Amino acid sequence: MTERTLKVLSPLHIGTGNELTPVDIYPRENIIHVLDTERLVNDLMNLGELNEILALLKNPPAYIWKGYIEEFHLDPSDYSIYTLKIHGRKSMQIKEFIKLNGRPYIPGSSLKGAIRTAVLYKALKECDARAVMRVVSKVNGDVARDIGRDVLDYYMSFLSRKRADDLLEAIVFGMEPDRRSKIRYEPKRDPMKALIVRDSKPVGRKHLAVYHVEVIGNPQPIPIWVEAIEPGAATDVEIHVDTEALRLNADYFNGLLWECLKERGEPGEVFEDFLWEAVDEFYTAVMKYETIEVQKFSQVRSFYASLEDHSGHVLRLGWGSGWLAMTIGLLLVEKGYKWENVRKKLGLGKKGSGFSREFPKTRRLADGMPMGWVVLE
Amino acid sequence: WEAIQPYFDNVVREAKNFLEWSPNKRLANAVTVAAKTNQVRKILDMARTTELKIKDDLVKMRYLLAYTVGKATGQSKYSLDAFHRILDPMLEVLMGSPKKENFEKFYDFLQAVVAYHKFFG
Amino acid sequence: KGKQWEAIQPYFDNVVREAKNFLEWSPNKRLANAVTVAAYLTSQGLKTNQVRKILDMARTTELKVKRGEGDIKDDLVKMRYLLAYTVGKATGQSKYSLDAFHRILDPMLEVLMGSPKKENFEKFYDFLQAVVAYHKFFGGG
Amino acid sequence: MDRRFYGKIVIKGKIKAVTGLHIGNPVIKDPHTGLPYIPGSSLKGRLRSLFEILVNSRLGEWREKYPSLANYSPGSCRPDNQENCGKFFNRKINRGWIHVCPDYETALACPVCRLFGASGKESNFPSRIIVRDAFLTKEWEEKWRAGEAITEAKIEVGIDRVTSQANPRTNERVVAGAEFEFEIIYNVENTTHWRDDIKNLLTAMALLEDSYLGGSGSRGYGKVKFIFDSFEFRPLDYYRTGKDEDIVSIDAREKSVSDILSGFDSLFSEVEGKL
Amino acid sequence: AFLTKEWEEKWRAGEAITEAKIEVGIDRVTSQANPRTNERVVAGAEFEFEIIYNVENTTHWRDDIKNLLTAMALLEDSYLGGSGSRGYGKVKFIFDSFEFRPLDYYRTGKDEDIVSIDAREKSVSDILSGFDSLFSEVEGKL
RNA sequence: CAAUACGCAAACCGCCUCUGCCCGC
Ligand SMILES: [Zn+2]
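Residue numbers (the deposited numbering), protein chains in the order written: chain F, 1 to 48, 50 to 62, 65 to 91, 95 to 133, 135 to 156, 159 to 169, 175 to 311, 316 to 369, 372 to 397; chain J, 49 to 83, 91 to 108, 116 to 183; chain B, 45 to 185; chain K, 1 to 24, 37 to 287; chain D, 146 to 287.
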């Protein structure tokens, strides 16, 4: 297949590491507006200075620093998003979406990193009796992975910026020759270098709006303002596997993922079929796991029961996907105390350690919708 | 040690015009200047843009420099307004100036500040 | 091996700063020490590609000492901060290797701004190429 | 033995990027003008590497038509340290394996090495295509002057799984939509086989429109889209009279797959009368 | 051939003249990067050449200047030295002046040397129909 | 009442392997 289009079922924020200060914004109505400082500042000179360089650096009481253009001028906006929520007293930092010409698209590095989490989950399920024969070749540390006994039961005690997944990515994707440690990752040995995803077509201005993300898990909830693609927008993305790049590397790949493909048939032929069966088994499993916790908001469960009977492949993206959806640690729930000492080793809570709500405490949902759901087919 | 930095604040207030020194003072200022990288690159790399290039961009080069200190609030204006206080007194002069010349000695001063920023940390 | 990198460096560092001016000795001493300079830089990696901007900066005005200009102010400015930018851009395990190479040249650059231009910078540039040349002979490049 | 010359088929056109491109964290640029540009080696060494891999699978179909494919089995000399043996990728450059036929008459018979050139020990067969650099087009030369940014930046992140440790970096890519201007000249030396090499070069281009061009590519950093403008022939008589005696091939709105497909044999029909 | 009056001053003003291009080699299997560096002239630099043709026989100079402009008109489509097949050539002749420099020039010193018109013409435009018109007044001197 | 705690990249790979003065006095 080529040009496998998608749709959007919840708010979806792909960050760019940038926020809109209140000098960029003046909401005249329930609609909001993104003013053009470079053009507006250079357009407010004809009527005259050094006052703009003094007032913007001062940041006084925002509202008046954007409504002072209303005196003898008006109508200087760029994008003019919608607020779509009962907020905005400016006092906000709207996190902006990634845009190529002021037009929102989905980056392909972000949809590949979600498939890579789904594919990593499938490799650690099926592959401890076969995980030693992978590291039997030029690693010599599989005896430690055999005496502990499913390499996960060793890695909880093996650990006991952050390079925590360094060995686990080197077992499922790329066995190296040697290192100062036991093994390391080699980018030249990877089936995922044959997985080609591309940036999608740009979404559109009509489907972009500001949101009001409330954080739930504490008695005092906090709001975060953010912009995200509204649910119901459908764009098209093309994903294909280059099978010719796997035929050349039939002897050079050394990993547990390659030892999941030689059992479904020809390993350069079933990798694209293994790929989506890994998607609908990581993300349906994190979909069912969130029906256990009812701390959110009621209506959240009526979204999750409606995610079933929906054709296509369902997966998370973006910013509101929690620790449960960007991490192997869905599989590390069934350990309990084997992961309880290690979750405090890294540490989590700050400003000692969170005892009973260590990992799953935060839920970031926009307008009562669990954000970040995109369904391919 | 803030007074020795305030003793260097007079040295930042010494170079009112552009031609501060052709000798070691631009370094010796910058050693004591550099005694967060990610907040400045819309001026640091923006200096790299305007070098090859002009006059209408330099207003934006002065508008973004005050846009940095106007964004971050709280405890995040202190070294912000300080680093604000060095650059603009050498950029209020350079509006009506030669462009390919007379800027190099600041263009070599701008780069020398971040150079000792990473060495001292 | 690395046990030579601990002893010979600490034998040489007090001899390094005590001759901070580049016009120390035009005799056999500055070549005899320069082998010992690359002797404790042998056990470190010391990649040259980051130094290629500095050495070409030393190359492009080496012609300009030779009847080009009589001013090495604008060049030697550019050599001082970029060599601080060397750890100023590249950190890590190559930083501990490049800190020991920083401490020899930085005493000698500050001479060269007020130095003669036909003299005392040739005495630096000859000590420049003595560090590189033996470093290729002990096994580094 | 017997190097000859009948003409130089010139393939002008314009490389278009529908999706953003990267070369190499800055994209390398023309120093005298500041603009980024797609080099020569990234466009000739990319077509060779999408044609040595294509020939590797098909050593049964081309061996009846090309000699010196029987001298190799489809494989790799990466495990076994042998220079010229049954495996198809024979030259260890310093550490990489690139298929170069080690003789003139092997490369005269090879389908790859008669086109993308071949080194050797005392043979050194030279290429037949010369691929020039691609700068910006003259309508996109002026968006640099008008301040419409010919490039952009991109912040990714690398998520460590356990601690959710974000490790971001800033890629710098050419903006999607920027259009270059490429140049491939085919040096017609042997009239017996040039029907091949024109339908064989477009083979390597057509796989490139499905693959990526430089950069990462598996994340969005490719999408070449070859917009051809005009083949011409430039005969030997063009360089003596200086006329416009170069046969224009009409491909103003045609694709790489739309030339190699039905429509080929009528376009190159007057060149065959010129041989 | 040396750089033109202009490109001498771009070495005086501070602009570079040589660039360092990094090229790499890649294995088709393990994607093994094999890099290198090249010093090449910066693209767009400009050298002043001069090619003198010693006219020895007036019988055959028309068919011998045409051969020089045939070897030049191929060189503009080929490359001039270097790696070349990967872009590194692509050279283009910009003719300043053809001048005849006759025999009566060398004894006397009179500025009577025949100057042809080659202001804004390609190397293929000299050999274009008009070579009988560009070098027509050379026929009067034989 | 609204945010600030922190991160600006780590790696390996750095040239290669063919040729090196004939002819005529
Ligand atoms: Zn071959």
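Using N, Cα and C, we set each Cβ at its ideal position, and we do this for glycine too.
8 Å contact criterion, which residue i and residue j should meet: CB distance rounded
{"i": "residue 23 of chain F", "j": "residue 57 of chain F", "result": "6 Å"}
{"i": "residue 219 of chain D", "j": "residue 198 of chain D", "result": "At roughly 18 Å, the Cβ-Cβ gap does not stay under 8 Å, so residue 219 of chain D and residue 198 of chain D are not in contact."}
{"i": "residue 210 of chain K", "j": "residue 50 of chain K", "result": "Their Cβ separation, rounded to whole angstroms, is 22 Å, which puts residue 210 of chain K and residue 50 of chain K out of contact at 8 Å."}
{"i": "residue 118 of chain F", "j": "residue 231 of chain K", "result": "6 Å"}
{"i": "residue 260 of chain K", "j": "residue 242 of chain K", "result": "6 Å"}
{"i": "residue 169 of chain F", "j": "residue 359 of chain F", "result": "6 Å"}
{"i": "residue 337 of chain K", "j": "residue 4 of chain K", "result": "This structure cannot settle anything about residue 337 of chain K, because the visible part of chain K is limited to 1 through 287."}
{"i": "residue 244 of chain F", "j": "residue 11 of chain F", "result": "7 Å"}
DSSP-derived helix/strand/coil call for residue i
{"i": "residue 226 of chain F", "result": "strand"}
{"i": "residue 111 of chain K", "result": "coil"}
{"i": "residue 93 of chain J", "result": "helix"}
{"i": "residue 118 of chain J", "result": "helix"}
{"i": "residue 242 of chain F", "result": "strand"}
{"i": "residue 262 of chain K", "result": "strand"}
{"i": "residue 16 of chain F", "result": "strand"}
{"i": "residue 180 of chain J", "result": "helix"}
{"i": "residue 58 of chain B", "result": "helix"}
{"i": "residue 154 of chain F", "result": "helix"}
{"i": "residue 158 of chain B", "result": "helix"}
{"i": "residue 217 of chain D", "result": "helix"}
Cβ-based burial, residue i [other Cβ within 10 Å; buried from 16]
{"i": "residue 196 of chain D", "result": "exposed"}
{"i": "residue 136 of chain K", "result": "exposed"}
{"i": "residue 254 of chain K", "result": "buried"}
{"i": "residue 78 of chain B", "result": "buried"}
{"i": "residue 251 of chain K", "result": "buried"}
{"i": "residue 139 of chain K", "result": "buried"}
{"i": "residue 13 of chain F", "result": "buried"}
{"i": "residue 54 of chain J", "result": "exposed"}
{"i": "residue 88 of chain B", "result": "buried"}
{"i": "residue 214 of chain F", "result": "buried"}
{"i": "residue 250 of chain F", "result": "exposed"}
{"i": "residue 110 of chain F", "result": "buried"}
Beta-carbon neighbours of residue i, restricted to chain D and to distances below 9 Å
{"i": "residue 51 of chain K", "result": "166, 168, 231 and 232"}
{"i": "residue 129 of chain K", "result": "230"}
Chain F contact residues for residue i, given Cβ-Cβ distances below 7 Å
{"i": "residue 131 of chain J", "result": "58"}
{"i": "residue 55 of chain J", "result": "The premise fails here: residue 55 of chain J is roughly 25 Å from chain F at the closest Cβ pair, so nothing lies under 7 Å."}
{"i": "residue 122 of chain J", "result": "38"}
{"i": "residue 235 of chain K", "result": "212"}
Where residue i meets chain K, residues with beta-carbon distance less than 7 Å
{"i": "residue 219 of chain D", "result": "251"}
{"i": "residue 210 of chain D", "result": "Those within 7 Å of residue 210 of chain D in chain K number zero; the least Cβ separation is about 12 Å."}
Under 8 Å by beta carbon: chain D residues contacting residue i
{"i": "residue 202 of chain F", "result": "175, 176 and 177"}
{"i": "residue 143 of chain K", "result": "230, 231 and 232"}
Chain-ordered neighbours of residue i on chain B, where CB pairs are closer than 7 Å
{"i": "residue 174 of chain J", "result": "125"}
Under 8 Å by beta carbon: chain F residues contacting residue i
{"i": "residue 65 of chain K", "result": "258, 259 and 262"}
Chain-ordered neighbours of residue i on chain F, where CB pairs are closer than 9 Å
{"i": "residue 19 of chain K", "result": "114, 212 and 213"}
{"i": "residue 186 of chain K", "result": "In chain order: nothing, as chain F lies at least about 12 Å away."}
{"i": "residue 61 of chain K", "result": "Here the premise fails: no neighbours, minimum Cβ distance about 11 Å."}
{"i": "residue 51 of chain J", "result": "In chain order: nothing, as chain F lies at least about 25 Å away."}
{"i": "residue 171 of chain K", "result": "119, 123, 179, 344 and 345"}
Contact set between residue i and chain J, taken where Cβ atoms lie within less than 8 Å
{"i": "residue 117 of chain B", "result": "70 and 71"}
{"i": "residue 157 of chain B", "result": "71 and 72"}
Proximal chain B residues relative to residue i, where beta-carbon distance stays under 8 Å
{"i": "residue 177 of chain J", "result": "125, 126, 128, 129 and 132"}
Chain J residues whose Cβ lies nearer than 7 Å to that of residue i
{"i": "residue 152 of chain B", "result": "Simply none; closest approach about 14 Å."}
Neighbour list for residue i in chain K, Cβ cutoff strictly below 8 Å
{"i": "residue 155 of chain F", "result": "What residue 155 of chain F touches in chain K: nothing, since even the nearest Cβ is about 18 Å away."}
Proximal residues of chain J, C-beta to C-beta of residue i below 9 Å
{"i": "residue 41 of chain F", "result": "121, 122 and 125"}
Inset, instruction - Can you give me, in chain order, the residues of the segment 219-235 of chain F that have a beta carbon less than 7 Å from any beta carbon in chain D? - result: none
Legend entry - Interface positions of the segment 254-269 of chain F facing chain D (Cβ-Cβ less than 8 Å), listed along the chain: 262, 263 and 266
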